[PDB]
Every structure is written in structure tokens, then in C-alpha cells.
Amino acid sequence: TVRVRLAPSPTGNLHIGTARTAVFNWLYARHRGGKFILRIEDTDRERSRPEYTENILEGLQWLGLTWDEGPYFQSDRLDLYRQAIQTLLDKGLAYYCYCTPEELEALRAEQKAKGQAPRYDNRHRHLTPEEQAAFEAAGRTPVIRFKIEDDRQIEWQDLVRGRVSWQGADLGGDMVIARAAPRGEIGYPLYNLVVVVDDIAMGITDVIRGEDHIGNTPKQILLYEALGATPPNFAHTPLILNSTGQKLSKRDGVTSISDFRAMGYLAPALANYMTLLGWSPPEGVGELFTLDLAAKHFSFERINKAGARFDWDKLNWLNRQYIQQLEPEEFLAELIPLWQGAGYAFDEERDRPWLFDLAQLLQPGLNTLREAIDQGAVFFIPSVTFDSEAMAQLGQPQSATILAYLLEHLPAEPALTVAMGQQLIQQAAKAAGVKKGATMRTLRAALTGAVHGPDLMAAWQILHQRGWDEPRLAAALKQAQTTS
């Protein structure tokens, strides 16, 4: 049974990168009929707080990225890391390093000057009780380093990358596995230690990771061996790239799942999208798929082996498709607080029939749910200001005649049929001596303040239910007349 896991640190909100990894995990586990484990790497850090854990779970659930196990919290497991490290010290596979950061910096500078590989020189591997005690009496307290063999050939068959090969000397020397603490105490366990201890304990069969952390892989492989475990398979995916081709920056633009959600993007659209960022679907599947369908066909072979540029136009293309999948009643419900938030005056209960009609109208051409604000303005703001084209349209010689006909022949009854509407345009045109196009264009100007926009008959139907076509036609007629 395949076992995979998401291991986010709640140091910030759920970002697209992490969620993308979660998608690949959920997709791979589901494909292989395995388990998806969620592990929260909650650290003593200033950054780690319960509001980011909250945001992580919320976003995963919302994206439909259901875990089968957890969340298992790192902070409950502290002693397991302590045990693992103590086992390493006892075995002499780890040791106390008393080398200060100022000492490391001088080493590193002396390395650059000499054209030597940048690394810790393993200077404290074999310290004498006397040497340790000298450091301690000067008030030093040691970190704990895990021994890495310089000449060790580390290799793995990566599920995305292929054979990946590292020398032991390429890992930067004996790595710190625990932060400073006095001898007899063990400090805060570092990432590479924690992840192997937990991956071994959680029985993880396959680790899915961003390629930006590929260098931890040979380090972790050595920890598994030292702890007597066989490492799992690794799959290193390329990161999501910019709109142009550099790193997607957390400090530049929108990356968090909660922000995309806030913007009017739907969960299934986000899911479908993140998948498309790196995974190209097989012939016959297409670009519009659920997670359940993506699971039937998911494989690491088909992962685009370089960065997927993030494209707003494609996210929008998908979101439009999901918005259209929304039931008219659910869809309207999504819109109401949006319109409410804009300060638009209406009553959910009283104004329902045309509100619904407005939803029906606006649905087919929204890229985000937020687009219903500006696209609804003409139906919620009473007065219309005429644009440069509307003003020139009403300035046409027969505009007054058209409008006055329309105004005089509007039905009192609340529902305007498409039949009654076409009758009116046809008859207003006949009165003015003009073609239907110019008539509609004059009606458009009157009702919207523009010469182009949403389906006119439907816009008029909506505005008629409000009783708003009547004062608008009157305002346009008065406008036509001021030119005359």
C-alpha cells in the first residue's frame, strides 16, 4: 500500500506551491489506492502559529484534498526526534560540534579564497574529553552533527528526474541535526532529522517534493540508513514559474489559496489548474477534469520536467467553466454578499426574481465571481451616466422620436416578454424611420449608458422588473432633447 504525506510548516498561509504538491500526493495515492497522510511541522519558531495551521487545513479541505491520516502534529512527537538523535550519538554516528557561527563564516571565507568546496570541515568529529571541557569552560555549548562520508556514492532513482547521483562530499560536511544544547541535553531537532524519523515512523513509501529541495534528498537517505530504514521513492517536481519564467514569489503577487478564493476562483478550478501546472493529461482526458478523473490517469512520467509558467488566462478559462457548472441557485448565493459588499441596495427576498435573472445573465461570461460587482453596476446603481458613444448616439437626429415612442408604449405589467420587447423596438423604429439596429443602440444607450454590453433584451427584462427602464428612458429622452 502506497503511503504519501503532506508536511507543511504553518509558518505562513497555504500557498499554491504547497497545495500543488498536495494535489500530486492526493492524485498519486488515489491512483495507487493508497493513503494520504497530513503532518504539521509545528515548530517552536516565532513564525509557527495556529492561524496558519487553520488556514492550511481549511484550504486543503476546500480544494477537496482529503487526507486519510492526521493531521499529526510535530510538537506531539518531540521525544521520537530526541530518541533518534540519542541513538546516533550512542552509536558514534553523531557528535558534538562546538564551532561558532563566526568560526564557520571564517572557514567559509577561507574556502572561497582558496577555491575549496564551500563546507563544514568536520573539525569536531574526534574531540577529546579535555578539548570539549575547554570549549565548555569558555561558555560554548555544542550542536549535534551527523557524520557523512566524503567518498560515499549516494544515488536514487527519482520518479520524475531519473537517476540522481551525489557524492558525500557534496553535502556540505557533517550536518547539524540538533540546535545548540549542553551535553546531556539535545537541542531543537533540525528538518532533515525530523522528516526521516517521521517518514520512517509513518511508513511513507513515496516522497513528493519540489526540485528546489532535491539536495536534502541525499542527506536524508543517509539518515534512513543510519536509523536502519530503507528510504522511500522520491519524486521531485519542478516549481511553478512566473507569468514570464522566474520563481513564483510569495512577496510578489497572489500565491495563497485563501487569496485566490477571496478573488472569486472556485476550488475545483484551482485544483484542475494546479494539476495542469506540471501535469499534461493523456489523449482523451482533456484540460477540464475533476480530481477523481485526474487520479484515474495520473503518473510521474507525464510531469512536465521544467517550470510551468503561471497563466491567469488559463486559470480564468477554467474558472469560467466551473462557474458555468454551478447551479443557478448556488451561483446566486455566491453573488449576493458580493453585491451586498459593494453597497448595492436590494432585498434578497423581495428582489429575488430579477436577482436570479441577473445571475442567469451574468453567469456565462464571468472569469471570477468578483466580476459580478462591476458587471452588476448597471442593474444596482439607479442613474446611468452616458459614455462618449452613448452621448453621440442620443445626439442622433431621431433619438428623441425613438425614446418617446418606447416610453409611451412600455407595458405596466412587471414581466416583459421577448415578444413584447421586439414589438416595441420594431414599432419605435417604424415611428422614427430607422432600422432596428439604430433603435436597439438607442435603447442600449438609454438603459446602460454604453453602446455595447450584456444581452439587451435580458438587461431590459431585468430593469423592467425593477421598474427602472421607465426613468432611464425618460433621462435619455431628456438628454436627446438638450442636443435639440
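Quick note: we count residues from 1 along the sequence shown, nothing fancier.
Enquirer: Taking the mean of the C-alpha B-factors per stretch from the entry, tell me the winner out of 450 to 458 and 426 to 434.
Expert: Mean C-alpha B-factor is greater for 450 to 458.
Enquirer: Averaging CA B factors per stretch from the PDB record, which one is higher: 394 to 402 or 344 to 352?
Expert: Mean C-alpha B-factor is greater for 344 to 352.
Enquirer: Among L89, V285, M274, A372, which carries the highest Cα B-factor?
Expert: Of the candidates given, the C-alpha B-factor peaks at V285.
Enquirer: Would you mind finding, among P232, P364, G173, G228, the residue with the largest C-alpha temperature factor in the entry?
Expert: Answer, based on the entry's C-alpha B-factors: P364.
Enquirer: Based on the entry's values, in what third of the chain does the Cα temperature factor of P238 lie: lowest, middle or highest?
Expert: Highest third of the chain for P238's C-alpha B-factor.
Enquirer: Please say which third, lowest, middle or highest, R152 falls into when its CA temperature factor is compared across its chain.
Expert: Its C-alpha B-factor belongs to the lowest third of this chain's values.
Enquirer: When the modelled residues of the chain are sorted by Cα temperature factor, does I323 land in the lowest, middle or highest third?
Expert: Highest third, going by the recorded CA B-factors of the chain.
Enquirer: Going by the recorded CA B-factors, say which third of the chain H31 sits in, lowest, middle or highest.
Expert: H31: CA B-factor falls in the middle third of its chain.
Enquirer: According to the PDB entry, is the CA B factor of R49 in the bottom, middle or top third of its chain, that is, lowest, middle or highest?
Expert: Highest third.
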